[PDB]
Amino acid sequence: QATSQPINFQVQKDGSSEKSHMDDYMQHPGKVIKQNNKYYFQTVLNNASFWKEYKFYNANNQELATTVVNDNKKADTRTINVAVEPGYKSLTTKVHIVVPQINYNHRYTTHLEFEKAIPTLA
């Protein structure tokens with residue numbers, strides 16, 4: 001069995017609550033999924049070809065498992081699951097965006113803020 005619910009979020013800048021331009025690289029809302037007693041935040045990365053690396057952590061800086069659910073090369077998107085727990089209010093992220101053709105190379109250190117804490121699901 002699986003249960004899911006949408007969850008709104010905003011990626012915000014390191015050291016403040018200001019929106020990050022990284023927020024534009026992810027589709028909204030995301031989704032919370034509970035399957036085999038485990039919880040995930042499922043999210044769709046825009047311009048997936050630009051994402052050279054991504055890492056997610058909880059608010060205590062522990063590493064969170066990510067898995068690729070879907071790669072849509074035609075749309076240039078990638079759908080991932082990020083392991084979470086009920087009660088999580090944010091994820092710390094470390095993301096490397098690269099577009100070599102324009103010599104664009106940027107490292108984001110941001111915090112993805114859920115609109116509400118990850119819920120317990122039945």
# chains A, B, ... in the order shown; residues from 1 in each chain; ligands from 1
$ residues_around --residues "segment 67-71 of chain A" --least-positions-apart "6" --cutoff "7 Å" --atoms "only C-alpha atoms" --output "mmCIF file with N, CA, C and O atoms, in the first residue's frame"
data_model
loop_
_atom_site.group_PDB
_atom_site.id
_atom_site.type_symbol
_atom_site.label_atom_id
_atom_site.label_comp_id
_atom_site.auth_asym_id
_atom_site.auth_seq_id
_atom_site.Cartn_x
_atom_site.Cartn_y
_atom_site.Cartn_z
ATOM 1 N N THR A 77 13.553 16.433 -17.419
ATOM 2 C CA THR A 77 13.237 16.439 -15.984
ATOM 3 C C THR A 77 13.676 15.135 -15.340
ATOM 4 O O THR A 77 13.862 14.123 -16.019
ATOM 5 N N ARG A 78 13.826 15.153 -14.017
ATOM 6 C CA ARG A 78 14.122 13.925 -13.294
ATOM 7 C C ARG A 78 13.272 13.957 -12.044
ATOM 8 O O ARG A 78 13.236 14.949 -11.341
ATOM 9 N N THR A 79 12.623 12.840 -11.757
ATOM 10 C CA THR A 79 11.815 12.702 -10.538
ATOM 11 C C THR A 79 12.602 11.891 -9.521
ATOM 12 O O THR A 79 13.040 10.775 -9.840
ATOM 13 N N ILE A 80 12.755 12.431 -8.321
ATOM 14 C CA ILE A 80 13.500 11.733 -7.270
ATOM 15 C C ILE A 80 12.662 11.594 -6.007
ATOM 16 O O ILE A 80 11.767 12.412 -5.755
ATOM 17 N N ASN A 81 12.981 10.577 -5.203
ATOM 18 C CA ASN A 81 12.460 10.455 -3.838
ATOM 19 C C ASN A 81 13.580 10.797 -2.881
ATOM 20 O O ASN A 81 14.699 10.313 -3.058
ATOM 21 N N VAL A 82 13.267 11.588 -1.863
ATOM 22 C CA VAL A 82 14.240 11.911 -0.823
ATOM 23 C C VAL A 82 13.696 11.327 0.487
ATOM 24 O O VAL A 82 12.547 11.614 0.851
#
$ closest_atom_pairs --of "segment 37-76 of chain A" --to "segment 99-106 of chain A" --cutoff "10 Å" --atoms "only C-alpha atoms" --output "CSV"
residue,atom,partner,partner_atom,distance
A:49,CA,A:99,CA,8.3
A:50,CA,A:99,CA,5.8
A:51,CA,A:99,CA,8.8
A:52,CA,A:99,CA,9.0
$ select_by_dssp --residues "chain A" --states "strand (DSSP E or B)" --output "ChimeraX atom specification"
/A:2-7,9-13,19,26,30-35,38-45,51-57,63,66-72,77-84,90-99,104-114
$ residues_around --residues "residue 62 of chain A" --least-positions-apart "6" --cutoff "12 Å" --atoms "only C-alpha atoms" --output "tab-separated table (two decimals) with N, CA and C atoms, in the first residue's frame"
chain	number	residue	atom	x	y	z
A	55	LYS	N	22.69	16.83	-3.20
A	55	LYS	CA	22.72	16.14	-1.90
A	55	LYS	C	21.71	16.79	-1.00
A	56	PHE	N	20.98	15.95	-0.27
A	56	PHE	CA	20.00	16.38	0.72
A	56	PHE	C	20.37	15.88	2.08
A	83	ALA	N	14.49	10.48	1.17
A	83	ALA	CA	13.98	9.90	2.43
A	83	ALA	C	13.74	11.00	3.46
A	84	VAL	N	12.57	10.94	4.11
A	84	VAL	CA	12.22	11.91	5.16
A	84	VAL	C	11.53	11.19	6.32
A	91	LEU	N	14.73	20.58	4.56
A	91	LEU	CA	15.90	19.78	4.11
A	91	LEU	C	17.01	20.76	3.80
A	92	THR	N	18.22	20.48	4.27
A	92	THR	CA	19.36	21.23	3.77
A	92	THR	C	19.79	20.64	2.44
A	93	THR	N	20.13	21.50	1.49
A	93	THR	CA	20.54	20.96	0.21
A	93	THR	C	21.90	21.52	-0.22
$ closest_residue --among "A:4, A:110, A:12, A:66" --to "residue 94 of chain A" --atoms "only C-alpha atoms"
A:110
$ residues_around --residues "residue 75 of chain A" --least-positions-apart "5" --cutoff "10 Å" --atoms "only C-alpha atoms" --output "PDB file with N, CA, C and O atoms, in the first residue's frame"
ATOM      1  N   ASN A  46      13.562  20.341 -12.598  1.00  0.00           N
ATOM      2  CA  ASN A  46      13.533  20.973 -13.929  1.00  0.00           C
ATOM      3  C   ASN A  46      14.938  21.075 -14.488  1.00  0.00           C
ATOM      4  O   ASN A  46      15.911  21.203 -13.721  1.00  0.00           O
ATOM      5  N   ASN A  47      15.063  21.035 -15.814  1.00  0.00           N
ATOM      6  CA  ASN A  47      16.383  21.168 -16.439  1.00  0.00           C
ATOM      7  C   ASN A  47      17.374  20.215 -15.821  1.00  0.00           C
ATOM      8  O   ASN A  47      18.496  20.621 -15.437  1.00  0.00           O
ATOM      9  N   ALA A  48      16.974  18.948 -15.761  1.00  0.00           N
ATOM     10  CA  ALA A  48      17.711  17.923 -15.021  1.00  0.00           C
ATOM     11  C   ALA A  48      19.144  17.821 -15.529  1.00  0.00           C
ATOM     12  O   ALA A  48      20.063  17.551 -14.738  1.00  0.00           O
TER      13      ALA A  48
END
$ residues_around --residues "residue 6 of chain A" --least-positions-apart "3" --cutoff "9 Å" --atoms "only C-alpha atoms" --output "JSON, numbers by chain"
{"A": [28, 29, 30, 31, 32, 33]}
$ closest_residue --among "A:40, A:108, A:25, A:57" --to "residue 2 of chain A" --atoms "only C-alpha atoms"
A:40
$ closest_residue --among "A:44, A:109, A:74, A:39" --to "residue 24 of chain A" --atoms "only C-alpha atoms"
A:44
$ residues_around --residues "residue 115 of chain A" --least-positions-apart "2" --cutoff "12 Å" --atoms "only C-alpha atoms" --output "JSON, numbers by chain"
{"A": [6, 7, 8, 9, 10, 11, 12, 28, 29, 30, 31, 87, 88, 89, 90, 112, 113, 117, 118, 119]}
$ write_last_selection --atoms "C-alpha atoms" --output "PDB file, in the first residue's frame"
ATOM      1  CA  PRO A   6       0.870  17.116  -2.079  1.00  0.00           C
ATOM      2  CA  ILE A   7       3.162  19.347  -0.045  1.00  0.00           C
ATOM      3  CA  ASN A   8       4.042  22.942  -0.824  1.00  0.00           C
ATOM      4  CA  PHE A   9       7.596  24.146  -0.340  1.00  0.00           C
ATOM      5  CA  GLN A  10      10.093  26.870  -1.036  1.00  0.00           C
ATOM      6  CA  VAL A  11      13.868  26.631  -1.408  1.00  0.00           C
ATOM      7  CA  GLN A  12      15.395  29.491   0.592  1.00  0.00           C
ATOM      8  CA  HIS A  28       5.698  22.681  -7.122  1.00  0.00           C
ATOM      9  CA  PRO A  29       4.028  21.370  -5.110  1.00  0.00           C
ATOM     10  CA  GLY A  30       6.044  18.277  -4.235  1.00  0.00           C
ATOM     11  CA  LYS A  31       4.544  15.091  -2.805  1.00  0.00           C
ATOM     12  CA  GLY A  87       7.849  16.116  11.484  1.00  0.00           C
ATOM     13  CA  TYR A  88      10.640  17.238   9.157  1.00  0.00           C
ATOM     14  CA  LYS A  89      10.177  20.941   8.419  1.00  0.00           C
ATOM     15  CA  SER A  90      13.123  21.428   6.112  1.00  0.00           C
ATOM     16  CA  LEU A 112      14.139  23.622   1.340  1.00  0.00           C
ATOM     17  CA  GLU A 113      11.307  24.692   3.672  1.00  0.00           C
ATOM     18  CA  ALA A 117       5.855  19.657   8.589  1.00  0.00           C
ATOM     19  CA  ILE A 118       5.918  16.266   6.833  1.00  0.00           C
ATOM     20  CA  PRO A 119       2.649  14.652   8.032  1.00  0.00           C
TER      21      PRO A 119
END
$ closest_residue --among "A:1, A:121, A:111, A:22" --to "residue 60 of chain A" --atoms "only C-alpha atoms"
A:111
$ atom_distance --atom1 "atom CA of residue 53 of chain A" --atom2 "atom CA of residue 19 of chain A"
20.8 Å
$ atom_distance --atom1 "atom CA of residue 18 of chain A" --atom2 "atom CA of residue 85 of chain A"
24.8 Å
$ decode --residues "chain A" --atoms "C-alpha atoms" --output "PDB file, in the first residue's frame"
ATOM      1  CA  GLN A   1       0.000   0.000   0.000  1.00  0.00           C
ATOM      2  CA  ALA A   2       1.018   3.601  -0.591  1.00  0.00           C
ATOM      3  CA  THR A   3      -0.499   6.869   0.479  1.00  0.00           C
ATOM      4  CA  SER A   4       0.432  10.276  -0.837  1.00  0.00           C
ATOM      5  CA  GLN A   5      -0.415  13.949  -0.373  1.00  0.00           C
ATOM      6  CA  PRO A   6       0.870  17.116  -2.079  1.00  0.00           C
ATOM      7  CA  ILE A   7       3.162  19.347  -0.045  1.00  0.00           C
ATOM      8  CA  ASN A   8       4.042  22.942  -0.824  1.00  0.00           C
ATOM      9  CA  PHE A   9       7.596  24.146  -0.340  1.00  0.00           C
ATOM     10  CA  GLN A  10      10.093  26.870  -1.036  1.00  0.00           C
ATOM     11  CA  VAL A  11      13.868  26.631  -1.408  1.00  0.00           C
ATOM     12  CA  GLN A  12      15.395  29.491   0.592  1.00  0.00           C
ATOM     13  CA  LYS A  13      18.843  31.111   0.801  1.00  0.00           C
ATOM     14  CA  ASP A  14      21.510  30.030   3.229  1.00  0.00           C
ATOM     15  CA  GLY A  15      21.299  32.194   6.393  1.00  0.00           C
ATOM     16  CA  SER A  16      17.876  33.755   5.732  1.00  0.00           C
ATOM     17  CA  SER A  17      14.262  33.057   4.802  1.00  0.00           C
ATOM     18  CA  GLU A  18      14.616  34.824   1.417  1.00  0.00           C
ATOM     19  CA  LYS A  19      13.581  32.762  -1.600  1.00  0.00           C
ATOM     20  CA  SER A  20      16.452  31.165  -3.527  1.00  0.00           C
ATOM     21  CA  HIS A  21      16.683  31.077  -7.326  1.00  0.00           C
ATOM     22  CA  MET A  22      17.140  27.328  -6.762  1.00  0.00           C
ATOM     23  CA  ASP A  23      13.395  27.195  -6.102  1.00  0.00           C
ATOM     24  CA  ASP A  24      12.861  27.752  -9.828  1.00  0.00           C
ATOM     25  CA  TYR A  25      14.692  24.481 -10.586  1.00  0.00           C
ATOM     26  CA  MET A  26      12.070  22.291  -8.868  1.00  0.00           C
ATOM     27  CA  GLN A  27       8.388  21.724  -9.655  1.00  0.00           C
ATOM     28  CA  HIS A  28       5.698  22.681  -7.122  1.00  0.00           C
ATOM     29  CA  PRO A  29       4.028  21.370  -5.110  1.00  0.00           C
ATOM     30  CA  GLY A  30       6.044  18.277  -4.235  1.00  0.00           C
ATOM     31  CA  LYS A  31       4.544  15.091  -2.805  1.00  0.00           C
ATOM     32  CA  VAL A  32       4.831  13.145   0.436  1.00  0.00           C
ATOM     33  CA  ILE A  33       4.599   9.370  -0.032  1.00  0.00           C
ATOM     34  CA  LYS A  34       4.376   6.685   2.617  1.00  0.00           C
ATOM     35  CA  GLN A  35       5.163   3.201   1.352  1.00  0.00           C
ATOM     36  CA  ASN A  36       6.199   0.064   3.368  1.00  0.00           C
ATOM     37  CA  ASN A  37       6.293   2.171   6.552  1.00  0.00           C
ATOM     38  CA  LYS A  38       8.806   4.621   5.088  1.00  0.00           C
ATOM     39  CA  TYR A  39       8.321   8.241   4.047  1.00  0.00           C
ATOM     40  CA  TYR A  40       9.622  10.098   1.051  1.00  0.00           C
ATOM     41  CA  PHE A  41       9.488  13.604  -0.356  1.00  0.00           C
ATOM     42  CA  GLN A  42       9.052  13.110  -4.130  1.00  0.00           C
ATOM     43  CA  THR A  43      10.060  16.058  -6.277  1.00  0.00           C
ATOM     44  CA  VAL A  44      10.644  16.817  -9.945  1.00  0.00           C
ATOM     45  CA  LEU A  45      13.857  18.524 -11.014  1.00  0.00           C
ATOM     46  CA  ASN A  46      13.533  20.973 -13.929  1.00  0.00           C
ATOM     47  CA  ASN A  47      16.383  21.168 -16.439  1.00  0.00           C
ATOM     48  CA  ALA A  48      17.711  17.923 -15.021  1.00  0.00           C
ATOM     49  CA  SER A  49      20.696  18.035 -17.433  1.00  0.00           C
ATOM     50  CA  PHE A  50      21.950  21.103 -15.487  1.00  0.00           C
ATOM     51  CA  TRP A  51      22.033  19.290 -12.132  1.00  0.00           C
ATOM     52  CA  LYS A  52      25.599  17.950 -11.953  1.00  0.00           C
ATOM     53  CA  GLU A  53      25.222  16.889  -8.319  1.00  0.00           C
ATOM     54  CA  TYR A  54      22.643  17.062  -5.558  1.00  0.00           C
ATOM     55  CA  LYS A  55      22.725  16.142  -1.904  1.00  0.00           C
ATOM     56  CA  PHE A  56      20.002  16.383   0.719  1.00  0.00           C
ATOM     57  CA  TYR A  57      20.354  16.436   4.529  1.00  0.00           C
ATOM     58  CA  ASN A  58      17.975  16.745   7.453  1.00  0.00           C
ATOM     59  CA  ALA A  59      18.061  19.786   9.750  1.00  0.00           C
ATOM     60  CA  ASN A  60      20.710  17.950  11.815  1.00  0.00           C
ATOM     61  CA  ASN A  61      22.924  17.610   8.694  1.00  0.00           C
ATOM     62  CA  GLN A  62      22.449  13.844   8.466  1.00  0.00           C
ATOM     63  CA  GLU A  63      22.590  12.444   4.931  1.00  0.00           C
ATOM     64  CA  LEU A  64      19.238  11.561   3.307  1.00  0.00           C
ATOM     65  CA  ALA A  65      18.938   8.761   0.695  1.00  0.00           C
ATOM     66  CA  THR A  66      17.805   9.811  -2.752  1.00  0.00           C
ATOM     67  CA  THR A  67      16.537   7.520  -5.493  1.00  0.00           C
ATOM     68  CA  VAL A  68      15.684   8.217  -9.106  1.00  0.00           C
ATOM     69  CA  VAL A  69      12.018   7.428  -9.807  1.00  0.00           C
ATOM     70  CA  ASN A  70      11.980   8.656 -13.414  1.00  0.00           C
ATOM     71  CA  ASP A  71      14.264  10.320 -15.969  1.00  0.00           C
ATOM     72  CA  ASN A  72      12.360  12.065 -18.759  1.00  0.00           C
ATOM     73  CA  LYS A  73      15.077  13.001 -21.252  1.00  0.00           C
ATOM     74  CA  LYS A  74      12.631  14.522 -23.707  1.00  0.00           C
ATOM     75  CA  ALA A  75      11.266  17.007 -21.101  1.00  0.00           C
ATOM     76  CA  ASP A  76      14.689  17.221 -19.397  1.00  0.00           C
ATOM     77  CA  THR A  77      13.237  16.439 -15.984  1.00  0.00           C
ATOM     78  CA  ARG A  78      14.122  13.925 -13.294  1.00  0.00           C
ATOM     79  CA  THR A  79      11.815  12.702 -10.538  1.00  0.00           C
ATOM     80  CA  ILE A  80      13.500  11.733  -7.270  1.00  0.00           C
ATOM     81  CA  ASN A  81      12.460  10.455  -3.838  1.00  0.00           C
ATOM     82  CA  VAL A  82      14.240  11.911  -0.823  1.00  0.00           C
ATOM     83  CA  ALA A  83      13.976   9.903   2.428  1.00  0.00           C
ATOM     84  CA  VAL A  84      12.220  11.907   5.163  1.00  0.00           C
ATOM     85  CA  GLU A  85      10.413  11.438   8.470  1.00  0.00           C
ATOM     86  CA  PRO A  86       7.108  12.801   9.762  1.00  0.00           C
ATOM     87  CA  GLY A  87       7.849  16.116  11.484  1.00  0.00           C
ATOM     88  CA  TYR A  88      10.640  17.238   9.157  1.00  0.00           C
ATOM     89  CA  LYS A  89      10.177  20.941   8.419  1.00  0.00           C
ATOM     90  CA  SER A  90      13.123  21.428   6.112  1.00  0.00           C
ATOM     91  CA  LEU A  91      15.899  19.783   4.114  1.00  0.00           C
ATOM     92  CA  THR A  92      19.358  21.227   3.770  1.00  0.00           C
ATOM     93  CA  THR A  93      20.543  20.963   0.210  1.00  0.00           C
ATOM     94  CA  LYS A  94      23.856  21.113  -1.586  1.00  0.00           C
ATOM     95  CA  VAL A  95      23.416  21.402  -5.385  1.00  0.00           C
ATOM     96  CA  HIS A  96      25.862  21.906  -8.235  1.00  0.00           C
ATOM     97  CA  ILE A  97      24.359  23.489 -11.383  1.00  0.00           C
ATOM     98  CA  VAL A  98      26.518  23.421 -14.502  1.00  0.00           C
ATOM     99  CA  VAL A  99      25.829  24.553 -18.048  1.00  0.00           C
ATOM    100  CA  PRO A 100      29.287  24.120 -19.743  1.00  0.00           C
ATOM    101  CA  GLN A 101      28.256  25.703 -23.049  1.00  0.00           C
ATOM    102  CA  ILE A 102      27.902  29.072 -21.303  1.00  0.00           C
ATOM    103  CA  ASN A 103      30.586  28.359 -18.699  1.00  0.00           C
ATOM    104  CA  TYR A 104      27.956  28.605 -15.964  1.00  0.00           C
ATOM    105  CA  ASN A 105      28.974  26.801 -12.805  1.00  0.00           C
ATOM    106  CA  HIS A 106      27.170  27.487  -9.524  1.00  0.00           C
ATOM    107  CA  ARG A 107      27.057  25.817  -6.089  1.00  0.00           C
ATOM    108  CA  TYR A 108      23.906  26.250  -4.060  1.00  0.00           C
ATOM    109  CA  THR A 109      23.810  25.786  -0.307  1.00  0.00           C
ATOM    110  CA  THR A 110      20.144  26.268   0.580  1.00  0.00           C
ATOM    111  CA  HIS A 111      17.311  25.062   2.807  1.00  0.00           C
ATOM    112  CA  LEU A 112      14.139  23.622   1.340  1.00  0.00           C
ATOM    113  CA  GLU A 113      11.307  24.692   3.672  1.00  0.00           C
ATOM    114  CA  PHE A 114       8.113  22.622   3.692  1.00  0.00           C
ATOM    115  CA  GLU A 115       4.949  24.751   4.038  1.00  0.00           C
ATOM    116  CA  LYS A 116       3.889  22.396   6.846  1.00  0.00           C
ATOM    117  CA  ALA A 117       5.855  19.657   8.589  1.00  0.00           C
ATOM    118  CA  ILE A 118       5.918  16.266   6.833  1.00  0.00           C
ATOM    119  CA  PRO A 119       2.649  14.652   8.032  1.00  0.00           C
ATOM    120  CA  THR A 120       2.070  11.233   9.539  1.00  0.00           C
ATOM    121  CA  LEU A 121       0.005   9.345   6.994  1.00  0.00           C
ATOM    122  CA  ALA A 122      -2.432   6.494   7.608  1.00  0.00           C
TER     123      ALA A 122
END
